[PDB]
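Engineer: Before I ask anything, here's the sequence and the deposited coordinates:
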Amino acid sequence: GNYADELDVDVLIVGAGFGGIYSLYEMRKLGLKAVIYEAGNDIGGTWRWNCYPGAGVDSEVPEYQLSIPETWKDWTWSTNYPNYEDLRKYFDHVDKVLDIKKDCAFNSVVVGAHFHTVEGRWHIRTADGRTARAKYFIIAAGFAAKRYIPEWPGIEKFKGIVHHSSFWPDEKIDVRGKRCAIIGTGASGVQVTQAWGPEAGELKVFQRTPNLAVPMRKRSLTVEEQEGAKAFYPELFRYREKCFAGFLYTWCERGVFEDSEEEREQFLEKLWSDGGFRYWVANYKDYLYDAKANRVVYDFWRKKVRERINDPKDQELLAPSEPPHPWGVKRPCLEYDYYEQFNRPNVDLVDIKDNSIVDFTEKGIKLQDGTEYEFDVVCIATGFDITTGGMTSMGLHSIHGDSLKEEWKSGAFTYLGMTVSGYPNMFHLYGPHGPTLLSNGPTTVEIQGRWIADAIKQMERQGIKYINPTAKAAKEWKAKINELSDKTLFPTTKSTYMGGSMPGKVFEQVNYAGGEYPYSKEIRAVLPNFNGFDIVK
Ligand SMILES: Cc1cc2nc3c(=O)[nH]c(=O)nc-3n(C[C@H](O)[C@H](O)[C@H](O)COP(=O)(O)OP(=O)(O)OC[C@H]3O[C@@H](n4cnc5c(N)ncnc54)[C@H](O)[C@@H]3O)c2cc1C
Ligand SMILES: NC(=O)c1ccc[n+]([C@@H]2O[C@H](COP(=O)([O-])OP(=O)(O)OC[C@H]3O[C@@H](n4cnc5c(N)ncnc54)[C@H](OP(=O)(O)O)[C@@H]3O)[C@@H](O)[C@H]2O)c1
């Protein structure tokens, strides 16, 4: 049925993660024939494929789920910060309540897409030779696309167990008493470090740049306290769409230097205590916008983290006097006992800032000054390539015949962070030029989801064949993306530290930095007239 060799649908969705599950939901309400092409065999996105030791949410319950009444009605969590196993069981519950799988074609890897302007339809080709033709094309393909491993020829030779964090196997590797390595101190590294520290015989963490990690206030939830709150879950889900990063909190109405030295200490203690990303996006409104303001947030962070690390050498490495970059310039890691792990005599932080990893060997890995380390298990928690999402990665072709990969070689150009000029009736959720990485995933998805479902609703009512963003509209959006980011302390091409900079492409801000509320207003302005689109009946 959904696996037919030439598939006729109104809507083709790529991905069965949050983005694809919510898009499918919205399409069913419009009464359109829709199908998800999913590369994998189950729904959940990153929560199925890209799981690793001690992986779980950094968003607090009930922030990280769908606002769909019927999905959370009889659902509760065991804890306020669930892990990947809890999330997997949540997606089973969403499938049991909505029957998502009925409209999925699994092991469907999209390798090509071209829009036939005369037909007014996408032809969407899978790796295994099937093709769907659809009026509307929705890409819920995620941002954790293109796992980044640096140029280490040796990996082939290494005798031990090695994987990138996002490719860690389902079947857990017993690391108890083994020599393990973690390369990277992003959320992935930090999460794995907390998981391996307690059990590994020896463990080495290879740190170029330290994580500016903030405390996770994890606790058990009862079914009772949750069922009690659900009176106002609807209001809560609406409140996150009013909040800068789409959590149940946003910026303090005050800037750093409206408060005294005592008032700051107390206010910052309160955010630290309360936990989550309050320190990141419930802090003084100007700390991401002014250097002196940033430094005050940094120093307090430095004080709190130093209290937890015994060795003065590790103290300096894990929380330096001089910031490696402005505080909160990248989504920090929500940690539980990261800093405690480096107090263990089996754990060892290695400074590679000036002494790069040259290559892997048979035994383990080797550095610039010729230092070698022998290992049994290595997790490569290096970056992703977020120059763009998995949008360039599925052979999307414009109506000018060029690939999106090609048209985006000098930098990404979307309109409203949901559409691309030369890709008519093509929509993306949780991708470039959306709140995306500066946001609660499910919040941004629902804002964007509702806009795509309205956009599609309007095209059906007004009798529109296709809409296509103008280069003028896309350039103006790019100008906006850059105007919001350039006010901030976010890295620029002139910055000494440019997190996730790559040889291939130029470095640029990829997310909308204006907040969920101003974003919602921007995208809402353009309906129902489709301002900035070529309209064809
Ligand atoms: C361990 C972990 C924890 C996280 N915790 C949080 C958190 O607490 N808060 C937060 O805000 N964000 C968090 N994130 C980020 C997370 O990626 C997003 O919040 C969200 O899960 C993305 O949903 P999505 O559906 O947009 O993407 P994904 O979940 O990545 O789904 C994309 C889907 O597209 C499919 N696909 C890709 N390419 C193709 C193709 N060519 N053809 C067909 N199918 C294709 C994939 O197989 C996948 O099913 C976390 C990520 C990880 C890995
Ligand atoms: N837990 C989560 O919520 C989660 C999970 C997955 C992804 N994400 C998102 O997607 C991104 C990926 O997160 P991540 O934790 O996997 O990794 P990351 O934050 O992208 O950082 C990877 C780490 O690897 C280091 N590194 C990169 N190349 C290296 C090299 N050649 N040699 C040595 N070290 C190297 C980086 O150092 P430098 O800092 O010096 O470059 C960095 O410490 C994040 O920005 C995050 O927002 C989030």
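Structural biologist: Great, that's in hand. Numbers count the residues shown, from 1 in each chain. Ligands and ions are numbered 1, 2, ... in the order given.

Engineer: How about the contacts made by the closest residue to residue 419 other than its chain neighbours?
Structural biologist: Sequence neighbours aside, residue 469 is the residue nearest to residue 419 in space, at 5.0 Å (criterion: CB to CB, 6 or more residues apart in numbering). Where you see a C-beta, it was placed from the backbone N, CA and C, and this is true even at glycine. With CB atoms under 8 Å, 6 or more residues apart in numbering as the criterion, the residues that contact residue 469 are 414, 415, 419, 420, 421, 532, 533, 534.

Engineer: Quick check: residue 422 is in a strand.
Structural biologist: No: according to DSSP: H, G, I helix; E, B strand; the rest coil, the state of residue 422 is coil, so it is not within a strand.

Engineer: Make 28 the starting number, not 1.
Structural biologist: Right, with 28 as the first residue, what we last looked at is residue 449.

Engineer: Please look at it and residue 426 and confirm they touch.
Structural biologist: Yes: here residue 449 reaches residue 426: they are 5.4 Å apart, a contact under CB atoms under 8 Å.

Engineer: When the two are compared, which one has more neighbours?
Structural biologist: residue 449 (20 against 15; other CB atoms under 10 Å).

Engineer: Could you check how far that one is from ligand 1?
Structural biologist: With distances taken as CB to the nearest ligand atom, to the nearest Å, residue 449 is found 19 Å from ligand 1.

Engineer: rewinding a little: need the overlap of contacts for residue 449 and residue 426.
Structural biologist: Each of residue 495 lies in contact with both residue 449 and residue 426 under the rule CB under 8 Å, 6+ apart.

Engineer: Okay, the residue nearest to residue 446 and residue 419: tell me how far apart.
Structural biologist: With distances taken as CB to CB, to the nearest Å, residue 496 is found 17 Å from residue 419.

Engineer: now do residue 173
Structural biologist: 8 Å.

Engineer: Looking at these two, which is more packed in?
Structural biologist: Ranked by neighbour count (other CB under 10 Å), residue 173 and residue 419 place residue 419 first, with 21 against 17.

Engineer: residues near the nearest residue in space to that one that is not next to it in sequence, how many?
Structural biologist: Leaving out its chain neighbours, the residue that sits closest to residue 419 by CB to CB, 6+ apart is residue 432, at 4.0 Å. Other residues near residue 432 number 15, with proximity taken as other CB under 10 Å.

Engineer: And the helix or strand hosting residue 432, what's buried?
Structural biologist: According to DSSP states H and E, residue 432 maps onto helix 431-434. For helix 431-434, a neighbour-count test (16 or more other CB atoms under 10 Å) marks 431, 434 as buried.

Engineer: now stretch 278-285
Structural biologist: Applying 16+ other CB under 10 Å to stretch 278-285 flags 278, 279, 283 as buried.

Engineer: and if you look at stretch 369-382?
Structural biologist: Buried-residue list, stretch 369-382, by 16+ other CB under 10 Å: 369, 373, 374, 376, 377, 379.

Engineer: Quick check: the gap between the residue nearest to the first one when sequence neighbours are not counted and residue 505.
Structural biologist: Looking back up the chat, that one is residue 369. Ranked by CB to CB, 6+ apart and with sequence neighbours excluded, the top spatial neighbour of residue 369 is residue 341, at 4.9 Å. For residue 341, the distance to residue 505 equals 42 Å [CB to CB].

Engineer: rewinding a little: can you narrow the buried residues of stretch 369-382 to ones near ligand 1?
Structural biologist: Residues of the buried residues of stretch 369-382 in contact with ligand 1 (CB under 6 Å from any ligand atom): none.

Engineer: Tell me which two in those residues are the farthest apart.
Structural biologist: Longest distance between any two of the buried residues of stretch 369-382 is 19.8 Å, between 373 and 379; criterion CB to CB.
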